[PDB]
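Reading through the C-alpha cells given below for one structure.
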Amino acid sequence: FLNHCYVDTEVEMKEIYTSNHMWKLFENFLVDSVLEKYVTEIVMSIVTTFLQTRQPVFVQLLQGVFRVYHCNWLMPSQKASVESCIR
C-alpha cells in the first residue's frame with residue numbers, strides 16, 4: 001500500500017507526510033520476501049530532520065548472511081543504511 005503509494009509519496013505538497021512520517025517507520029521495524037519488502041520501504045524512507053533506528057537495519061545486514069535470500073538487494077539495503085547513518 002505505502003510502497004504503491006510511493007508515487008503518491010512524491011507529491012509536491014507534503015502536509016500529512018510530515019506528521020505520519022516518523023511514526024510508520026518504527027512500526028515497520030517491529031519484527032524484521034518480507035525482508036525484501038521491508039528493505040524497499042526503508043530505501044524509500046529518508047531520515048527527516050528530527051538515528052537510533054540504525055541498529056535494526058544492521059539486523060538486515062546481520063540477517064543478510066545465513067539465509068537463502070541473496071544480497072544484491074541486501075547490498076542496496078546496506079548502502080541505504082549507510083546513507084541513513086550518514087544522515
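Residue numbers start at 1 in each chain; chains themselves are named A, B, ... in the order of the C-alpha cells; ligands are numbered from 1 in the order shown.
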
Residues of segment 17-42 of chain A that approach segment 62-86 of chain A to 10 Å or less, counting only C-alpha atoms: could you list each one with the shortest pair of atoms and its distance in Å to one decimal, rows by chain and increasing residue number, as CSV?
residue,atom,partner,partner_atom,distance
A:32,CA,A:63,CA,9.6
A:33,CA,A:69,CA,8.2
A:35,CA,A:69,CA,8.8
A:36,CA,A:73,CA,7.2
A:38,CA,A:77,CA,9.5
A:39,CA,A:77,CA,5.8
A:40,CA,A:77,CA,7.7
A:41,CA,A:77,CA,10.0
A:42,CA,A:80,CA,7.8

Check your understanding: Can you list, as a PyMOL selection string, every residue of chain A that DSSP puts in alpha helix (DSSP H)?
Key -> chain A and resi 16-20+24-28+34-44+54-62+74-86

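Checking A:46, A:59, A:52, A:14 one by one against residue 87 of chain A, counting only C-alpha atoms, you find the shortest gap at A:46.
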
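The two atoms in question, atom CA of residue 61 of chain A and atom CA of residue 25 of chain A, are spaced 17.9 Å apart.
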
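Distance-wise, atom CA of residue 29 of chain A and atom CA of residue 43 of chain A end up 13.0 Å apart.
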
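When atom CA of residue 21 of chain A is paired with atom CA of residue 55 of chain A, their separation reads 19.0 Å.
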
Tell me which protein, DNA and RNA residues are within 10 Å of residue 2 of chain A, counting only C-alpha atoms, leaving out same-chain ones fewer than 5 positions away, and put them as a PDB file with C-alpha atoms, in the first residue's frame.
ATOM      1  CA  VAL A   7       4.214   7.636  -6.308  1.00  0.00           C
ATOM      2  CA  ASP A   8       1.764   9.409  -4.014  1.00  0.00           C
ATOM      3  CA  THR A   9       4.656   9.830  -1.558  1.00  0.00           C
ATOM      4  CA  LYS A  24       5.137   4.482  10.368  1.00  0.00           C
ATOM      5  CA  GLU A  41      10.283   0.537   2.250  1.00  0.00           C
ATOM      6  CA  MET A  44      12.038   4.748   0.142  1.00  0.00           C
TER       7      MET A  44
END
